[PDB]
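Participant: Would you mind keeping the following structure in view while I ask a few things?
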Amino acid sequence: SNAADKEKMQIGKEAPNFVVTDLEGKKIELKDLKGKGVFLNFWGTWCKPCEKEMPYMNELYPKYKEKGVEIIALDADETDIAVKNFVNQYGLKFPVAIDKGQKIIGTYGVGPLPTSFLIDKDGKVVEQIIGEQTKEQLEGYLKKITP
């Protein structure tokens with residue numbers, strides 16, 4: 001079997017590492033991002049609260065990226081075509097990746113979408129956030145994990 005079968009997300013403890021390819025073909029490994037805050041967002045193109053908040057994230061991203069915060073938007077296993085088209089129409093600049101198999105979703109215990117996790121520079125999960133957030137709200141979270 002695999003040890004990751006029994007990996008577990010705990011508030012105030014190290015995030016379950018994962019490895020995905022983003023839509024620009026680039027490798028993301030969560031552990032590689034130690035030194036940065038990470039806003040880990042689980043989403044979908046059909047989820048209206050996800051759709052409405054993602055422009056907000058997009059307007060916040062340049063601001064917080066320089067400050068060493070990464071946004072990783074994990075899509076809930078839709079097609080490459082459905083997702084590339086969504087990202088395209090919105091002009092998203094932050095990393096987007098499809099969680100093939102919904103594996104990472106399972107590891108993270110995600111049900112309702114959208115769900116976000118705040119991961120700080122140590123790679124510790126500090127907060128789990130459920131439901132659509134406002135731009136003001138999102139910026140708050142992003143400040144909370146600025147390195």
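Ligands are numbered from 1 in the order shown, residues from 1 within each chain, and chains are lettered A, B, ... in the order they appear in the structure tokens.
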Apply DSSP to the structure's backbone, then extract all residues of range 42-126 of chain A labelled helix (DSSP H, G or I) and return them as a PyMOL selection string.
Facilitator: chain A and resi 48-66+80-90+100-108
Participant: Write out the residues from the selection above, keeping N, CA, C and O atoms, as a compact mmCIF listing (two decimals), in the first residue's frame.
Facilitator:
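Listing of again-v7.txt after writing:
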```txt
# COMPACT_ATOMS: atom_id res chain seq x y z
N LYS A 48 -20.78 28.32 -8.35
CA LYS A 48 -21.01 29.76 -8.42
C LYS A 48 -20.31 30.61 -7.33
O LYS A 48 -19.80 31.69 -7.62
N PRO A 49 -20.30 30.13 -6.07
CA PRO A 49 -19.44 30.83 -5.12
C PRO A 49 -17.96 30.77 -5.49
O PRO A 49 -17.26 31.75 -5.26
N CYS A 50 -17.51 29.68 -6.07
CA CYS A 50 -16.14 29.65 -6.56
C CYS A 50 -15.92 30.63 -7.67
O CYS A 50 -14.97 31.38 -7.65
N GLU A 51 -16.83 30.67 -8.63
CA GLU A 51 -16.70 31.55 -9.77
C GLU A 51 -16.64 32.99 -9.34
O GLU A 51 -15.82 33.74 -9.84
N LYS A 52 -17.51 33.39 -8.42
CA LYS A 52 -17.58 34.78 -8.04
C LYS A 52 -16.38 35.26 -7.22
O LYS A 52 -16.00 36.43 -7.30
N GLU A 53 -15.77 34.37 -6.43
CA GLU A 53 -14.64 34.81 -5.62
C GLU A 53 -13.31 34.82 -6.36
O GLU A 53 -12.41 35.57 -5.99
N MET A 54 -13.19 34.04 -7.42
CA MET A 54 -11.91 33.92 -8.12
C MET A 54 -11.35 35.18 -8.79
O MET A 54 -10.14 35.39 -8.78
N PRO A 55 -12.22 36.03 -9.37
CA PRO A 55 -11.74 37.37 -9.72
C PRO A 55 -11.13 38.13 -8.55
O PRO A 55 -10.15 38.85 -8.76
N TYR A 56 -11.68 37.96 -7.34
CA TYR A 56 -11.15 38.67 -6.17
C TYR A 56 -9.74 38.21 -5.87
O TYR A 56 -8.85 39.02 -5.65
N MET A 57 -9.56 36.89 -5.85
CA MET A 57 -8.25 36.28 -5.68
C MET A 57 -7.28 36.79 -6.73
O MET A 57 -6.10 37.03 -6.45
N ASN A 58 -7.78 36.94 -7.95
CA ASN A 58 -6.96 37.37 -9.07
C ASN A 58 -6.46 38.80 -8.92
O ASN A 58 -5.32 39.11 -9.24
N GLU A 59 -7.32 39.67 -8.41
CA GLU A 59 -6.94 41.05 -8.14
C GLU A 59 -6.01 41.16 -6.93
O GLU A 59 -5.24 42.10 -6.82
N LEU A 60 -6.10 40.21 -6.01
CA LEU A 60 -5.22 40.21 -4.84
C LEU A 60 -3.85 39.58 -5.10
O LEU A 60 -2.87 39.94 -4.45
N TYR A 61 -3.79 38.66 -6.06
CA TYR A 61 -2.60 37.85 -6.29
C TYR A 61 -1.29 38.61 -6.55
O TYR A 61 -0.28 38.26 -5.97
N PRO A 62 -1.28 39.61 -7.46
CA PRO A 62 -0.01 40.31 -7.71
C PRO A 62 0.51 40.96 -6.45
O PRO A 62 1.70 40.88 -6.14
N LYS A 63 -0.39 41.62 -5.74
CA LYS A 63 -0.05 42.26 -4.49
C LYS A 63 0.69 41.29 -3.55
O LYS A 63 1.80 41.58 -3.10
N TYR A 64 0.08 40.13 -3.30
CA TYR A 64 0.60 39.20 -2.29
C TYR A 64 1.71 38.27 -2.79
O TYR A 64 2.49 37.76 -2.00
N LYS A 65 1.81 38.09 -4.10
CA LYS A 65 2.85 37.24 -4.69
C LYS A 65 4.26 37.77 -4.41
O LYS A 65 5.15 37.02 -3.99
N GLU A 66 4.47 39.06 -4.64
CA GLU A 66 5.75 39.71 -4.30
C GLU A 66 6.10 39.50 -2.82
O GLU A 66 7.23 39.13 -2.48
N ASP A 80 -9.50 19.01 -18.67
CA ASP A 80 -8.53 20.03 -19.01
C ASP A 80 -9.16 21.13 -19.86
O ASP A 80 -8.86 22.30 -19.66
N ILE A 81 -10.04 20.75 -20.78
CA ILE A 81 -10.68 21.73 -21.65
C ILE A 81 -11.63 22.65 -20.88
O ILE A 81 -11.61 23.87 -21.06
N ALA A 82 -12.43 22.08 -19.98
CA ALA A 82 -13.34 22.91 -19.21
C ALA A 82 -12.58 23.91 -18.35
O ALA A 82 -13.02 25.04 -18.17
N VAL A 83 -11.45 23.47 -17.81
CA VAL A 83 -10.71 24.31 -16.88
C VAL A 83 -9.85 25.33 -17.60
O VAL A 83 -9.78 26.48 -17.18
N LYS A 84 -9.19 24.92 -18.68
CA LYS A 84 -8.39 25.86 -19.45
C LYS A 84 -9.26 26.97 -20.00
O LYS A 84 -8.88 28.14 -19.98
N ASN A 85 -10.46 26.62 -20.47
CA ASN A 85 -11.39 27.64 -20.93
C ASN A 85 -11.87 28.61 -19.85
O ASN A 85 -11.93 29.82 -20.09
N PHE A 86 -12.17 28.11 -18.67
CA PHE A 86 -12.53 28.95 -17.52
C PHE A 86 -11.38 29.91 -17.16
O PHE A 86 -11.55 31.12 -17.08
N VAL A 87 -10.19 29.36 -16.93
CA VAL A 87 -9.03 30.18 -16.61
C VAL A 87 -8.81 31.25 -17.66
O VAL A 87 -8.50 32.39 -17.34
N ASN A 88 -8.98 30.85 -18.93
CA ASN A 88 -8.84 31.74 -20.06
C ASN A 88 -9.80 32.91 -20.00
O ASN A 88 -9.40 34.06 -20.15
N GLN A 89 -11.08 32.61 -19.80
CA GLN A 89 -12.08 33.65 -19.85
C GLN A 89 -11.92 34.66 -18.71
O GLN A 89 -12.33 35.82 -18.83
N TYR A 90 -11.29 34.24 -17.62
CA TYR A 90 -11.14 35.10 -16.46
C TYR A 90 -9.75 35.71 -16.36
O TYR A 90 -9.52 36.59 -15.54
N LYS A 100 -6.20 15.49 -10.12
CA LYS A 100 -6.56 14.26 -10.80
C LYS A 100 -6.87 13.18 -9.77
O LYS A 100 -6.06 12.90 -8.89
N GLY A 101 -8.06 12.60 -9.87
CA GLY A 101 -8.49 11.55 -8.97
C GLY A 101 -9.24 12.06 -7.76
O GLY A 101 -9.77 11.28 -6.98
N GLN A 102 -9.29 13.39 -7.60
CA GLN A 102 -9.78 14.02 -6.38
C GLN A 102 -9.02 13.56 -5.14
O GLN A 102 -9.50 13.70 -4.01
N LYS A 103 -7.81 13.05 -5.36
CA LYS A 103 -6.96 12.53 -4.29
C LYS A 103 -6.70 13.57 -3.21
O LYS A 103 -6.97 13.32 -2.03
N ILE A 104 -6.16 14.73 -3.60
CA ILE A 104 -5.78 15.75 -2.65
C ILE A 104 -7.00 16.24 -1.88
O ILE A 104 -6.93 16.45 -0.68
N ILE A 105 -8.10 16.41 -2.59
CA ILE A 105 -9.39 16.71 -1.97
C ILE A 105 -9.70 15.72 -0.85
O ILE A 105 -10.12 16.11 0.23
N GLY A 106 -9.49 14.43 -1.11
CA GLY A 106 -9.74 13.40 -0.12
C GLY A 106 -8.83 13.47 1.07
O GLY A 106 -9.29 13.40 2.21
N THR A 107 -7.54 13.62 0.80
CA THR A 107 -6.52 13.81 1.82
C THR A 107 -6.83 15.01 2.71
O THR A 107 -6.65 14.94 3.92
N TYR A 108 -7.35 16.08 2.11
CA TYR A 108 -7.66 17.32 2.83
C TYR A 108 -9.07 17.37 3.44
O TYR A 108 -9.41 18.29 4.19
```
Participant: Could you name the residues that touch range 16-21 of chain A at 7 Å or less, counting only C-alpha atoms, but leaving out those on the same chain fewer than 5 positions away, as a ChimeraX atom specification?
Facilitator: /A:7-9,26-31,97
Participant: Might you pull out every residue within 7 Å of residue 146 in chain A, with only C-alpha atoms counted and same-chain residues fewer than 5 positions away left off, and present them as a PDB file with N, CA, C and O atoms, in the first residue's frame?
Facilitator:
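Generated file (out-v9.pdb):
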```pdb
ATOM      1  N   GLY A  37       3.942  31.922   2.300  1.00  0.00           N
ATOM      2  CA  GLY A  37       2.567  31.628   2.671  1.00  0.00           C
ATOM      3  C   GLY A  37       1.864  30.971   1.491  1.00  0.00           C
ATOM      4  O   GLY A  37       2.181  31.269   0.357  1.00  0.00           O
ATOM      5  N   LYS A  67       5.109  39.695  -1.946  1.00  0.00           N
ATOM      6  CA  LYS A  67       5.248  39.456  -0.515  1.00  0.00           C
ATOM      7  C   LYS A  67       5.443  37.997  -0.173  1.00  0.00           C
ATOM      8  O   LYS A  67       5.397  37.643   0.978  1.00  0.00           O
ATOM      9  N   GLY A  68       5.620  37.138  -1.163  1.00  0.00           N
ATOM     10  CA  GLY A  68       5.934  35.751  -0.884  1.00  0.00           C
ATOM     11  C   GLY A  68       4.753  34.870  -0.497  1.00  0.00           C
ATOM     12  O   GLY A  68       4.916  33.866   0.189  1.00  0.00           O
ATOM     13  N   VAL A  69       3.557  35.238  -0.926  1.00  0.00           N
ATOM     14  CA  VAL A  69       2.404  34.357  -0.770  1.00  0.00           C
ATOM     15  C   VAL A  69       2.043  33.763  -2.119  1.00  0.00           C
ATOM     16  O   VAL A  69       1.875  34.480  -3.103  1.00  0.00           O
TER      17      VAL A  69
END
```
Participant: When you count only C-alpha atoms, which of these residues is closest to residue 115 in chain A: A:142, A:96, A:130, A:73?
Facilitator: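 Looking only at the distances to residue 115 in chain A, the closest residue turns out to be A:130.
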Participant: Choose the residue, out of A:132, A:140, A:14, A:91, that has the smallest atom-to-atom separation from residue 114 in chain A; count only C-alpha atoms.
Facilitator: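 Distance minimum relative to residue 114 in chain A lands on A:132.
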Participant: Distance CA of residue 137 in chain A-CA of residue 77 in chain A, one decimal place?
Facilitator: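 Taking CA of residue 137 in chain A and CA of residue 77 in chain A, their separation equals 26.4 Å.
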Participant: From the list A:6, A:92, A:22, A:33, which residue is nearest residue 75 in chain A when using only C-alpha atoms?
Facilitator: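 Using only C-alpha atoms, the shortest distance to residue 75 in chain A belongs to A:22.
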Participant: Calculate how many Å separate CA of residue 47 in chain A from CA of residue 4 in chain A, rounding to one decimal.
Facilitator: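 Interatomic distance here is 28.3 Å.
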Participant: For the atom pair CA of residue 44 in chain A and CA of residue 112 in chain A, what is the interatomic distance in Å to one decimal place?
Facilitator: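 Computing the Euclidean distance for CA of residue 44 in chain A and CA of residue 112 in chain A yields 10.7 Å.
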Participant: Could you tell me which of A:74, A:145, A:3, A:23 comes closest to residue 119 in chain A if we count only C-alpha atoms?
Facilitator: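 Counting only C-alpha atoms, the residue closest to residue 119 in chain A is A:145.
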Participant: Which of these residues is nearest to residue 126 in chain A, using only C-alpha atoms: A:147, A:35, A:111, A:12?
Facilitator: A:12
Participant: What residues in chain A get the DSSP label strand (DSSP E)? Please answer as a VMD selection string.
Facilitator: chain A and resid 19 to 21 27 to 29 37 to 43 69 to 75 96 to 98 115 to 119 125 to 130
Participant: Any chance you could export the current selection's N, CA and C atoms as a CSV table (one decimal), in the first residue's frame?
Facilitator:
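And here's part_29.csv as it stands now:
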```csv
chain,number,residue,atom,x,y,z
A,19,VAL,N,2.0,16.8,-4.9
A,19,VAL,CA,2.7,17.1,-6.2
A,19,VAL,C,1.7,17.1,-7.3
A,20,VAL,N,1.5,18.3,-7.9
A,20,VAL,CA,0.6,18.5,-9.1
A,20,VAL,C,1.3,19.2,-10.2
A,21,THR,N,0.8,19.0,-11.4
A,21,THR,CA,1.2,19.8,-12.6
A,21,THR,C,0.2,20.9,-12.8
A,27,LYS,N,5.6,21.9,-12.4
A,27,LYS,CA,5.5,21.1,-11.2
A,27,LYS,C,5.3,22.0,-9.9
A,28,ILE,N,4.2,21.7,-9.2
A,28,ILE,CA,4.1,22.2,-7.8
A,28,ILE,C,4.2,21.1,-6.8
A,29,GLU,N,5.1,21.2,-5.9
A,29,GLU,CA,5.1,20.3,-4.7
A,29,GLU,C,5.0,21.2,-3.4
A,37,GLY,N,3.9,31.9,2.3
A,37,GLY,CA,2.6,31.6,2.7
A,37,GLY,C,1.9,31.0,1.5
A,38,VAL,N,0.9,30.1,1.7
A,38,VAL,CA,0.2,29.4,0.6
A,38,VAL,C,-1.3,29.5,0.9
A,39,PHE,N,-2.0,30.0,-0.1
A,39,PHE,CA,-3.5,30.0,0.0
A,39,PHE,C,-3.9,28.9,-0.9
A,40,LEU,N,-4.4,27.8,-0.3
A,40,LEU,CA,-4.7,26.6,-1.1
A,40,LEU,C,-6.2,26.6,-1.3
A,41,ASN,N,-6.7,26.7,-2.5
A,41,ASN,CA,-8.1,26.8,-2.8
A,41,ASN,C,-8.6,25.7,-3.6
A,42,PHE,N,-9.7,25.0,-3.1
A,42,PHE,CA,-10.3,24.0,-3.8
A,42,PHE,C,-11.6,24.5,-4.5
A,43,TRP,N,-11.7,24.2,-5.8
A,43,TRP,CA,-12.8,24.9,-6.5
A,43,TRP,C,-13.3,24.1,-7.7
A,69,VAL,N,3.6,35.2,-0.9
A,69,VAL,CA,2.4,34.4,-0.8
A,69,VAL,C,2.0,33.8,-2.1
A,70,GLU,N,1.9,32.4,-2.2
A,70,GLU,CA,1.4,31.8,-3.4
A,70,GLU,C,0.0,31.4,-3.2
A,71,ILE,N,-0.8,31.5,-4.3
A,71,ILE,CA,-2.1,30.9,-4.4
A,71,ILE,C,-2.1,29.7,-5.3
A,72,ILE,N,-2.6,28.6,-4.8
A,72,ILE,CA,-2.7,27.4,-5.6
A,72,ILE,C,-4.2,26.9,-5.7
A,73,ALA,N,-4.7,27.0,-6.8
A,73,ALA,CA,-6.2,26.7,-7.0
A,73,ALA,C,-6.4,25.4,-7.6
A,74,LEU,N,-6.7,24.4,-6.8
A,74,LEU,CA,-6.9,23.0,-7.2
A,74,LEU,C,-8.3,22.8,-7.7
A,75,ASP,N,-8.4,22.4,-8.9
A,75,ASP,CA,-9.7,22.2,-9.5
A,75,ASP,C,-10.2,20.7,-9.2
A,96,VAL,N,-3.1,27.2,-11.3
A,96,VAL,CA,-4.3,26.4,-11.3
A,96,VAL,C,-3.9,25.0,-11.7
A,97,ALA,N,-4.4,24.0,-11.0
A,97,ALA,CA,-4.1,22.6,-11.3
A,97,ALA,C,-5.3,21.8,-11.0
A,98,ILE,N,-5.4,20.7,-11.8
A,98,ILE,CA,-6.5,19.8,-11.6
A,98,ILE,C,-6.0,18.7,-10.7
A,115,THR,N,-13.5,25.5,-0.7
A,115,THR,CA,-12.8,25.4,0.6
A,115,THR,C,-11.4,25.8,0.4
A,116,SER,N,-10.9,26.7,1.3
A,116,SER,CA,-9.5,27.1,1.3
A,116,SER,C,-8.8,26.8,2.6
A,117,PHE,N,-7.5,26.6,2.5
A,117,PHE,CA,-6.7,26.4,3.7
A,117,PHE,C,-5.6,27.4,3.6
A,118,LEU,N,-5.3,28.0,4.8
A,118,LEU,CA,-4.2,28.9,4.9
A,118,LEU,C,-3.0,28.1,5.4
A,119,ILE,N,-1.9,28.2,4.7
A,119,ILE,CA,-0.7,27.5,5.1
A,119,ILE,C,0.4,28.5,5.2
A,125,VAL,N,-0.7,24.0,8.5
A,125,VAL,CA,-2.1,24.5,8.2
A,125,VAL,C,-2.5,25.4,9.4
A,126,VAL,N,-2.9,26.6,9.2
A,126,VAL,CA,-3.3,27.5,10.3
A,126,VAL,C,-4.8,27.6,10.3
A,127,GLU,N,-5.5,27.5,9.2
A,127,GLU,CA,-6.9,27.8,9.1
A,127,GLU,C,-7.5,27.1,7.9
A,128,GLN,N,-8.8,26.6,8.1
A,128,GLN,CA,-9.6,26.0,7.1
A,128,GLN,C,-10.8,26.9,6.9
A,129,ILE,N,-11.1,27.3,5.7
A,129,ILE,CA,-12.2,28.3,5.4
A,129,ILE,C,-13.2,27.8,4.4
A,130,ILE,N,-14.4,27.8,4.7
A,130,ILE,CA,-15.5,27.2,3.9
A,130,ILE,C,-16.5,28.2,3.4
```
Participant: Hey, which of A:95, A:123, A:131, A:109 ends up closest to residue 36 in chain A? Count only C-alpha atoms.
Facilitator: A:123
